[PDB]
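**Student:** Just dropping this structure here.
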Amino acid sequence: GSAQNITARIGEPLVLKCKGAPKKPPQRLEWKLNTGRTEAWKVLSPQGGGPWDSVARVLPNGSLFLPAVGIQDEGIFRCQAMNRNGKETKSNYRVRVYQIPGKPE
């Protein structure tokens, strides 16, 4: 549970897990995803019901499911959770699509 390498293809579905939120129900938590070069980063929420067809939705267990990750969606995924103890759980998952930009940021 720390910077996991995940390979994917443009238009292919991909799922991510957030170290902290078990099979439990959809509780309080924040979701963030960084893609593109720098101006493509978007904030994901536990309420993806609807726009899922446009982007993706968040699982009830605190996970992330994508219907089709595009080349623009390529980048790094970051998730955060909060336990009853007061401590927060961090989770970073690296995602790579088929086609690449070429030059790094």
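Just remember, in the structure tokens the first chain shown is A, the second B, etc., residues are 1-based per chain, and ligands are 1-based in the order shown.
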Taking the DSSP assignment computed from this structure's backbone, write out as a PyMOL selection string all residues of chain A that belong to strand (DSSP E).
**Tutor:** chain A and resi 4-7+12-16+29-35+42-44+57-58+64-69+75-82+88-96
**Student:** Determine, counting only C-alpha atoms, which protein, DNA and RNA residues have an atom within 9 Å of an atom of residue A:45; residues of the same chain fewer than 3 positions away are not included. Present the result as a ChimeraX atom specification.
**Tutor:** /A:29-32,48,57-58
**Student:** Store the residues picked out above, limited to N, CA and C atoms, as a compact mmCIF listing (two decimals), in the first residue's frame.
**Tutor:**
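Dumped to selection13.txt:
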```txt
# COMPACT_ATOMS: atom_id res chain seq x y z
N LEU A 29 -14.62 10.62 3.32
CA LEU A 29 -13.30 10.47 2.71
C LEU A 29 -13.16 11.38 1.50
N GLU A 30 -11.92 11.62 1.08
CA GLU A 30 -11.65 12.47 -0.07
C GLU A 30 -10.89 11.71 -1.15
N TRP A 31 -11.15 12.04 -2.40
CA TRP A 31 -10.49 11.38 -3.52
C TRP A 31 -9.88 12.41 -4.47
N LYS A 32 -8.62 12.19 -4.85
CA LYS A 32 -7.93 13.10 -5.76
C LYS A 32 -7.16 12.32 -6.82
N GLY A 48 -20.01 9.47 -7.24
CA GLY A 48 -19.82 9.52 -8.67
C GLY A 48 -21.05 9.09 -9.44
N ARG A 57 -16.60 6.59 -11.06
CA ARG A 57 -17.35 6.60 -9.81
C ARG A 57 -16.51 6.02 -8.67
N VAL A 58 -16.95 6.26 -7.44
CA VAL A 58 -16.24 5.77 -6.26
C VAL A 58 -17.00 4.62 -5.60
```
**Student:** Calculated over only C-alpha atoms, which of the candidates A:38, A:60, A:24, A:9 has the smallest distance to residue A:97?
**Tutor:**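 Using only C-alpha atoms, residue A:97 sits closest to A:9.
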**Student:** Any idea what's packed within 6 Å of residue A:35, counting only C-alpha atoms, ignoring anything in its chain fewer than 4 positions away? Could you give it as a ChimeraX atom specification?
**Tutor:** /A:40-41,73-75
**Student:** Near residue A:77, counting only C-alpha atoms, which residues have an atom at most 7 Å away, once you skip same-chain residues fewer than 6 positions from it, shown as a VMD selection string?
**Tutor:** chain A and resid 32 to 34 92 to 95
**Student:** Got time to write the residues from that selection, N, CA, C and O atoms, as a tab-separated table (two decimals), in the first residue's frame?
**Tutor:**
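Output (selection-v3.tsv):
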```
chain	number	residue	atom	x	y	z
A	32	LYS	N	-8.62	12.19	-4.85
A	32	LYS	CA	-7.93	13.10	-5.76
A	32	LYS	C	-7.16	12.32	-6.82
A	32	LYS	O	-6.60	11.26	-6.55
A	33	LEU	N	-7.15	12.85	-8.04
A	33	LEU	CA	-6.45	12.21	-9.15
A	33	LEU	C	-5.70	13.23	-9.99
A	33	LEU	O	-6.24	14.29	-10.33
A	34	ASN	N	-4.46	12.92	-10.33
A	34	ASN	CA	-3.63	13.82	-11.13
A	34	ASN	C	-3.30	13.18	-12.48
A	34	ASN	O	-2.72	12.10	-12.55
A	92	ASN	N	-1.31	6.05	-2.66
A	92	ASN	CA	-0.89	6.56	-3.96
A	92	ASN	C	-0.73	5.42	-4.96
A	92	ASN	O	0.04	4.48	-4.74
A	93	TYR	N	-1.46	5.51	-6.07
A	93	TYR	CA	-1.40	4.48	-7.11
A	93	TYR	C	-1.07	5.10	-8.47
A	93	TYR	O	-1.81	5.95	-8.97
A	94	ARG	N	0.04	4.67	-9.05
A	94	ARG	CA	0.46	5.18	-10.35
A	94	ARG	C	-0.24	4.43	-11.48
A	94	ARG	O	-0.26	3.20	-11.51
A	95	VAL	N	-0.80	5.19	-12.42
A	95	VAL	CA	-1.50	4.60	-13.56
A	95	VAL	C	-0.88	5.04	-14.88
A	95	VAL	O	-0.54	6.21	-15.05
```
**Student:** Between A:54, A:72, A:2, A:63, which is the closest to residue A:90 once you count only C-alpha atoms?
**Tutor:**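 That would be A:2, the residue with the smallest distance to residue A:90.
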**Student:** Out of A:44, A:10, A:21, A:99, which residue has the shortest atom-to-atom distance to residue A:78 when counting only C-alpha atoms?
**Tutor:**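 Closest candidate: A:44.
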**Student:** Please determine, counting only C-alpha atoms, which residue among A:85, A:98, A:4, A:13 has the shortest atom-to-atom distance to residue A:53.
**Tutor:**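 Ranking A:85, A:98, A:4, A:13 by distance to residue A:53, first place goes to A:13.
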**Student:** Kindly indicate which residue among A:59, A:82, A:8, A:69 lies nearest to residue A:23, using only C-alpha atoms for the distances.
**Tutor:** A:59
**Student:** Compare A:91, A:27, A:49, A:102 by their minimum atom-to-atom distance to residue A:3, counting only C-alpha atoms, and give me the closest one.
**Tutor:** A:91
**Student:** Excluding residue A:52 and its own-chain neighbours fewer than 5 positions away, which residues fall within 10 Å of it when counting only C-alpha atoms? Please give them as a ChimeraX atom specification.
**Tutor:** /A:47,57-58,65-68
**Student:** Save the residues we just selected, C-alpha atoms, as a PDB file, in the first residue's frame?
**Tutor:**
```
ATOM      1  CA  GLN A  47     -20.620  10.376  -5.066  1.00  0.00           C
ATOM      2  CA  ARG A  57     -17.347   6.601  -9.806  1.00  0.00           C
ATOM      3  CA  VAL A  58     -16.239   5.768  -6.263  1.00  0.00           C
ATOM      4  CA  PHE A  65     -13.675   2.401 -10.580  1.00  0.00           C
ATOM      5  CA  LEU A  66     -13.179   3.749 -14.103  1.00  0.00           C
ATOM      6  CA  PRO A  67     -15.283   2.702 -17.123  1.00  0.00           C
ATOM      7  CA  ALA A  68     -12.523   3.645 -19.564  1.00  0.00           C
TER       8      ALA A  68
END
```
**Student:** By how many Å are atom CA of residue A:19 and atom CA of residue A:64 apart?
**Tutor:**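 Result for atom CA of residue A:19 versus atom CA of residue A:64: 11.8 Å, one decimal.
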